[PDB]
> 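Sharing a structure with you now.
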Amino acid sequence: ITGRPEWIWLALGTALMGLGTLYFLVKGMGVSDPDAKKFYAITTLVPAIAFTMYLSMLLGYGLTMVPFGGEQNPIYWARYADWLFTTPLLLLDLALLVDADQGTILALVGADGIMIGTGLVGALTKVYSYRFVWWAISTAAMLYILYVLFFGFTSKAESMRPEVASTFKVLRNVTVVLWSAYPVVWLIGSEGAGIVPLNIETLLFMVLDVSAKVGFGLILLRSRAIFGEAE
Amino acid sequence: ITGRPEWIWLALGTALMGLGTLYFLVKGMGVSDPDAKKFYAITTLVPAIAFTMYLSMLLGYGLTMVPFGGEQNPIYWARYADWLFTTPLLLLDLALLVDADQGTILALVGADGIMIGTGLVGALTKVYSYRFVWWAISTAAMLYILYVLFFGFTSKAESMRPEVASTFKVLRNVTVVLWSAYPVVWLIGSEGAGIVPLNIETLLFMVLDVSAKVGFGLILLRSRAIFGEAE
Amino acid sequence: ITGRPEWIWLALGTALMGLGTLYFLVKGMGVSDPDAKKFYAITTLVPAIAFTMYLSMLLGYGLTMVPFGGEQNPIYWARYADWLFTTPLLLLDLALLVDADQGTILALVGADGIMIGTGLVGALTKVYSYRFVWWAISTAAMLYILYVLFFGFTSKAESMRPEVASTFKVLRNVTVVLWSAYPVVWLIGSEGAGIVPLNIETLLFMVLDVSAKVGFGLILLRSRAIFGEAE
Ligand SMILES: CC(C)CCC[C@@H](C)CCC[C@@H](C)CCC[C@@H](C)CCOC[C@@H](CO)OCC[C@H](C)CCC[C@H](C)CCC[C@H](C)CCCC(C)C
Ligand SMILES: CC(C)CCC[C@@H](C)CCC[C@@H](C)CCC[C@@H](C)CCOC[C@@H](CO)OCC[C@H](C)CCC[C@H](C)CCC[C@H](C)CCCC(C)C
Ligand SMILES: CC(C)CCC[C@@H](C)CCC[C@@H](C)CCC[C@@H](C)CCOC[C@@H](CO)OCC[C@H](C)CCC[C@H](C)CCC[C@H](C)CCCC(C)C
Ligand SMILES: *C/C=C(C)/C=C/C=C(C)/C=C/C1=C(C)CCCC1(C)C
Ligand SMILES: *C/C=C(C)/C=C/C=C(C)/C=C/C1=C(C)CCCC1(C)C
Ligand SMILES: *C/C=C(C)/C=C/C=C(C)/C=C/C1=C(C)CCCC1(C)C
Ligand SMILES: CCCCCCCCCCCCCCC
Ligand SMILES: CCCCCCCCCCCCCCC
Ligand SMILES: CCCCCCCCCCCCCCC
Ligand SMILES: CCCCCCCCCCCCCCC
Ligand SMILES: CCCCCCCCCCCCCCC
Ligand SMILES: CCCCCCCCCCCCCCC
Ligand SMILES: CCCCCCCCCCCCCC
Ligand SMILES: CCCCCCCCCCCCCC
Ligand SMILES: CCCCCCCCCCCCC
Ligand SMILES: CCCCCCCCCCCCC
Ligand SMILES: CCCCCCCCCCCCC
Ligand SMILES: CCCCCCCCCCC
Ligand SMILES: CCCCCCCCCCC
Ligand SMILES: CCCCCCCCCCC
Ligand SMILES: CCCCCCCCCC
Ligand SMILES: CCCCCCCCCC
Ligand SMILES: CCCCCCCCCC
Ligand SMILES: CCCCCCCCC
Ligand SMILES: CCCCCCCCC
Ligand SMILES: CCCCCCCCC
Ligand SMILES: CCCCCCCC
Ligand SMILES: CCCCCCCC
Ligand SMILES: CCCCCCCC
Ligand SMILES: CCCCCCCC
Ligand SMILES: CCCCCCCC
Ligand SMILES: CCCCCCCC
Ligand SMILES: CCCCCCCC
């Protein structure tokens with residue numbers, strides 16, 4: 001484990017995702033509202049999945065070597081197995097908050113799968129220049145997601161209860177800022193141009209992951225928007 | 001790329017799926033009917049997924065070598081990753097058109113997963129004679145799907161609006177004819193008996209894919225069956 | 001095939017899953033109740049999936065070698081591909097029986113995916129002591145599932161029709177007893193401590209699989225709880 005300088009950030013990430021999972025699990029014990037139960041189930045699964053994948057990276061299972069640039073490059077593939085399941089769950093939290101229609105939910109989840117799937121292909125591609133073709137396709141899929149979150153959901157939240165509109169607006173802004181950083185870290189990190197070393201890259205993804213999952217969840221599950229209007 | 005004679009058909013397929021995706025995306029911009037939005041989302045995702053997998057084959061990522069018959073045989077595995085997601089989406093288009101019940105939808109999607117999954121196992125199997133055992137199981141799963149589309153959905157469409165009944169009947173006939181060709185191309189192509197060479201096999205799958213996805217989508221999204229009855 | 005002593009139990013399992021699939025398929029022909037159709041579709045898919053994965057193990061495709069303990073250990077990975085899809089389908093049978101809320105269904109299916117996913121990682125892990133870390137995480141996920149089936153569903157079934165309450169109680173008890181045996185067989189078998197040899201381990205999993213899928217299905221599909229109350 002300790003033979004890799006980035007191990008400290010993988011261990012911290014593992015701990016923070018595990019602690020986040022347990023807090024949400026305990027906090028959700030005393031909840032019977034069927035609407036609130038939906039948000040607790042979605043939001044608790046997110047850091048639980050991330051916990052297992054951070055642990056796999058810490059123990060060395062989620063790491064492979066990819067030859068490109070005449071070098072064997074360490075690629076943590078477990079990140080994409082994490083994101084494949086956690087990013088659509090996070091979008092479902094937002095879509096259920098605004099009572100989005102089914103067709104829009106399917107478009108979001110499908111574009112998200114394309115985003116993560118093409119990012120994985122780009123991470124494992126051995127022809128250096130082709131890695132950035134996949135990065136560009138994946139980034140186009142992300143821009144579609146961000147467009148929908150702004151010019152489809154925002155207008156839908158305003159016609160909703162005030163507390164669900166204000167909570168959505170906050171979580172929307174958090175998501176757009178944090179998610180946009182991921183393609184940048186990829187491009188300048190060891191998967192892309194190799195400007196930033198792997199140990200610093202790992203620290204950046206850990207800060208982003210914890211903020212986008214645990215921080216996101218703390219804002220959502222403390223809001224009254226997750227409960228139905230009741231007397 | 002150009003070192004493979006089949007590259008021209010992979011490049012054409014990539015272009016036609018990309019163009020198809022963009023047309024459906026633009027055409028769906030001016031749509032607010034929640035029913036129509038469902039069909040546009042399903043139908044636009046189909047060629048978008050196929051685009052990415054054709055590109056992976058063009059660039060050489062979606063290709064592996066499988067030893068059988070005393071030879072290293074080029075097997076494009078990316079086809080099955082495509083079909084795993086696009087064939088159930090196409091069946092969902094048909095099932096939603098006739099307002100099929102949930103139990104029937106699950107049976108269709110499950111049989112479809114078995115069809116594609118066993119076809120993938122057959123494509124990667126190293127014992128030559130066993131490849132055709134998997135082909136037979138996969139073909140049995142397809143025949144179940146075709147039976148349901150005829151002796152379960154057809155009777156359901158007649159009790160529906162006339163425009164949804166006539167549109168379903170057309171898309172049903174297109175699907176049964178085109179899908180039935182796939183097991184035949186597999187059997188006589190490089191995955192099976194090896195009668196037809198890979199470059200011709202690739203041309204045939206490209207014609208079938210574009211027809212079953214883009215051609216299918218053009219018929220559906222030009223129909224009024226996708227809109228609810230409104231004044 | 002016959003070069004492996006466990007082949008006899010893989011062949012028996014294949015036959016019993018295939019026969020089970022055909023019986024459920026025939027029995028479900030004469031069913032039009034939309035509620036009953038749901039249970040028949042879920043319950044017939046379970047042994048059909050298991051059939052294909054037992055066949056892959058029989059023919060040698062679903063087997064790999066994992067080095068640990070200074071030895072190349074035969075690991076049947078196809079079991080986890082089976083369980084990944086069949087265990088959530090079995091939980092869906094139970095959840096639909098008691099009309100569970102959506103949030104609870106998602107929590108069950110998500111915990112089940114974590115259970116199977118971490119068990120697969122543990123089966124393929126090359127550092128011997130780490131294999132049991134994954135076993136423990138997977139077992140914690142199972143205990144969560146069992147808790148929900150007892151202290152969330154049981155109370156919900158009592159407020160239901162008497163026949164659905166008594167049928168659920170029976171299937172609940174069958175599930176908790178049979179599922180609990182799996183982590184024990186893993187721990188003492190070739191994936192874990194290696195006390196029980198592989199051929200005996202394979203026999204035990206076959207008895208458990210057939211009972212948990214075909215036996216489970218025979219109890220459910222003979223009950224009147226799967227039909228709506230009708231005159
Ligand atoms: C509606 C939305 C959900 C739609 C989703 C969008 C999606 C279509 C976007 C594209 C996804 C696609 C790129 C997934 C590729 C997975 C692949 C990286 C797995 C590893 O295989 C890659 C190479 C080794 O580098 O295999 C070496 C050769 C091996 C012999 C490969 C044989 C196994 C194949 C991988 C079998 C295909 C399985 C499916 C891809 C499983 C789904 C994986 C997940 C990442 C989507
Ligand atoms: C309700 C419906 C959706 C049900 C679906 C029906 C489905 C059950 C039908 C059978 C599907 C099954 C054959 C999928 C097999 C995937 C497999 C080809 C992936 C590549 O692995 C094959 C060998 C190399 O040749 O791995 C070499 C050895 C490696 C060490 C393998 C270890 C990884 C395992 C593959 C882990 C299992 C992952 C799941 C199979 C992922 C789903 C893939 C998709 C193709 C279903
Ligand atoms: C809501 C719920 C459904 C959530 C589900 C819970 C889930 C997150 C729990 C953890 C699942 C995770 C451990 C799955 C790992 C699959 C992995 C074993 C496949 C084989 O790859 C392992 C190594 C060889 O030993 O690959 C060698 C290196 C290769 C180069 C690997 C590159 C391919 C990657 C495997 C791509 C990721 C694909 C996804 C993991 C596909 C889903 C598989 C299924 C088992 C979940
Ligand atoms: C909890 C994890 C989250 C919210 C991860 C989000 C990840 C992304 C938005 C990743 C995007 C990428 C691109 C847009 C292209 C480059 C490759 C990716 C996958 C890093
Ligand atoms: C857009 C792609 C489509 C509609 C693909 C359809 C593919 C099939 C219907 C494939 C069927 C197969 C068999 C029936 C057995 C032989 C292997 C397959 C997977 C080619
Ligand atoms: C039809 C198959 C069924 C119902 C299989 C159930 C399997 C389990 C409940 C497996 C549980 C495991 C653990 C709890 C940890 C050890 C590894 C597993 C996956 C065997
Ligand atoms: C979206 C965030 C990207 C900003 C990356 C900042 C990295 C600064 C760290 C110093 C770079 C290390 C280079 C010298 C080793
Ligand atoms: C009462 C609110 C705080 C509860 C404690 C939460 C502990 C989980 C770890 C959170 C750290 C990361 C927060 C986002 C920066
Ligand atoms: C379902 C369509 C299958 C028909 C295949 C027709 C192939 C004819 C092309 C000529 C065969 C090439 C053999 C000589 C190289
Ligand atoms: C107005 C209808 C035609 C629009 C142009 C569609 C261009 C997408 C490519 C379609 C070619 C394949 C059609 C099926 C044979
Ligand atoms: C949950 C069931 C686990 C019980 C396992 C009993 C196995 C007894 C078979 C004899 C053990 C073989 C050891 C000598 C070869
Ligand atoms: C009339 C009920 C029996 C029908 C025959 C079922 C045959 C399928 C194989 C069942 C054997 C396994 C039963 C569970 C132990
Ligand atoms: C490729 C993996 C995608 C599945 C991720 C799991 C979450 C799915 C959310 C589905 C939302 C409901 C759509 C109607
Ligand atoms: C990782 C694979 C999980 C999917 C298994 C297929 C069954 C899914 C059941 C979904 C139940 C409905 C949830 C609302
Ligand atoms: C185009 C939709 C408007 C909202 C999206 C904001 C774009 C942020 C740019 C992200 C940069 C990634 C490289
Ligand atoms: C048996 C259901 C009737 C409709 C299915 C038509 C069968 C077409 C044969 C396909 C040939 C594939 C080898
Ligand atoms: C803790 C929830 C109560 C019901 C679960 C029964 C636990 C059975 C123990 C299984 C042993 C697996 C190692
Ligand atoms: C080795 C660098 C080659 C540059 C390729 C950049 C491709 C980016 C595509 C974005 C449209
Ligand atoms: C090398 C050819 C061996 C023939 C096997 C055919 C199997 C087909 C099974 C269809 C029932
Ligand atoms: C080689 C045996 C090492 C023992 C590790 C046991 C780990 C079990 C963790 C359960 C909390
Ligand atoms: C609940 C605390 C979980 C912390 C265990 C993971 C941290 C790795 C320490 C080496
Ligand atoms: C929108 C046009 C997309 C065409 C790019 C793919 C074709 C491959 C050319 C080499
Ligand atoms: C319907 C009977 C299915 C039996 C075939 C599988 C058994 C393997 C025999 C070698
Ligand atoms: C993106 C930063 C999240 C901050 C988490 C703190 C929330 C406390 C309510
Ligand atoms: C299967 C052939 C499809 C033909 C596509 C043309 C549709 C234009 C309306
Ligand atoms: C767990 C044992 C199941 C027994 C199956 C027999 C059911 C006949 C109704
Ligand atoms: C990490 C355990 C949390 C302790 C309870 C927090 C207040 C519900
Ligand atoms: C109005 C809410 C602002 C939230 C933005 C937070 C950016 C990290
Ligand atoms: C909408 C604000 C985008 C912020 C992008 C930050 C990328 C590091
Ligand atoms: C009555 C519609 C006929 C459609 C059949 C088209 C076959 C390619
Ligand atoms: C229902 C007509 C079937 C046509 C099969 C064509 C196979 C090449
Ligand atoms: C009251 C029903 C008892 C069922 C338990 C069966 C254990 C195999
Ligand atoms: C609730 C009874 C548990 C039985 C466990 C059996 C494990 C072999």
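Just so you know, ligand 1 is whichever comes first in the structure, and atom 1 is the first atom listed for that ligand. Atom set for the values below is all heavy atoms of this structure, side chains included, hydrogens, waters and symmetry mates excluded. Throughout, a chain's letter reflects where its sequence line sits, starting with A, and its residues are numbered from 1.
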> Quick test: of every protein heavy atom, which one is nearest to atom 5 (C) of ligand 30, and how far off is it to 0.1 Å?
B:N173 CB, 4.1 Å

> Tell me whether atom 5 (C) of ligand 17 lies less than 4.0 Å from at least one protein heavy-atom position.
yes

> Looking only at atom types and distance, does a side-chain atom of C:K156 sit under 3.5 Å from a main-chain N or O of C:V98, one as donor and one as acceptor?
yes

> Report the nearest protein non-hydrogen atom to atom 12 (C) of ligand 17: residue, atom name, distance rounded to 0.1 Å.
C:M142 CE, 3.9 Å

> Just to confirm my output: which protein heavy-atom neighbour is closest to atom 3 (C) of ligand 17, and how far is it?
C:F151 CE1, 4.3 Å

> Just so I know, are the side chains of A:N173 and A:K169 near enough to count as touching, which here means a heavy-atom distance under 4.5 Å?
yes

> Using a 6.0 Å cut-off, check whether atom CZ of B:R222 has over 12 heavy atoms from anything other than its own residue.
no

> So, for atom 10 (C) of ligand 17, does the protein have a heavy atom nearer than 4.0 Å?
yes

> Considering only protein heavy atoms, which is closest to atom 5 (C) of ligand 24, and at what distance to one decimal place?
A:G215 CA, 4.0 Å

> By the definition side-chain contact (heavy atoms from CB on, under 4.5 Å), identify the one residue from B:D93, B:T86, B:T87 that meets it with B:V46.
B:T86

> Taking only heavy atoms of C:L146 into account, list the atoms of ligand 17 that are under 4.0 Å away from them.
5 (C)

> Aromatic contact between C:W83 and C:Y80, with the criterion being ring centroids under 6.0 Å apart: yes or no?
yes

> Please check this pair: side chain of A:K213 against backbone of A:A50, looking for a donor-acceptor N/O pair closer than 3.5 Å.
no

> Can a protein heavy atom be found under 4.0 Å away from atom 9 (C) of ligand 24?
yes

> As an exercise, identify every atom of ligand 30 less than 4.0 angstrom from a heavy atom of B:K169.
1 (C)

> Tell me if the aromatic rings of A:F205 and A:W186 count as close, with their centers under 6.0 Å from one another.
no

> Identify whether NZ of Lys or CZ of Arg in B:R172 sits under 6.0 Å from the centre of the six-membered ring of B:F153 and within 45° of that ring's axis.
no

> Of the choices C:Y147, C:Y144, C:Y182, which has the non-hydrogen atom that lies closest to atom 2 (C) of ligand 17?
C:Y147

> For atom 6 (C) of ligand 30, what is the closest protein heavy atom, and at what distance to 0.1 Å?
B:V174 CG2, 4.2 Å

> Among A:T14, A:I200, A:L203, find the residue that satisfies the side-chain contact (heavy atoms from CB on, under 4.5 Å) test when tested with A:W9.
A:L203

> Any protein heavy atom under 4.0 Å from atom 1 (C) of ligand 30?
yes

> Short list, please: which atoms of ligand 17 are under 4.0 Å from a heavy atom of C:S180?
8 (C), 10 (C)

> Please check if atom OH in B:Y147 has more than 12 non-hydrogen atoms from other residues, nucleotides or ligands closer than 6.0 Å.
no

> Among all protein heavy atoms, pick the one closest to atom 6 (C) of ligand 24 and tell me residue, atom and distance.
A:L218 CD1, 4.8 Å

> Please list the nearest protein heavy atom to atom 7 (C) of ligand 17 with its residue and the distance rounded to 0.1 Å.
C:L143 CD2, 3.8 Å

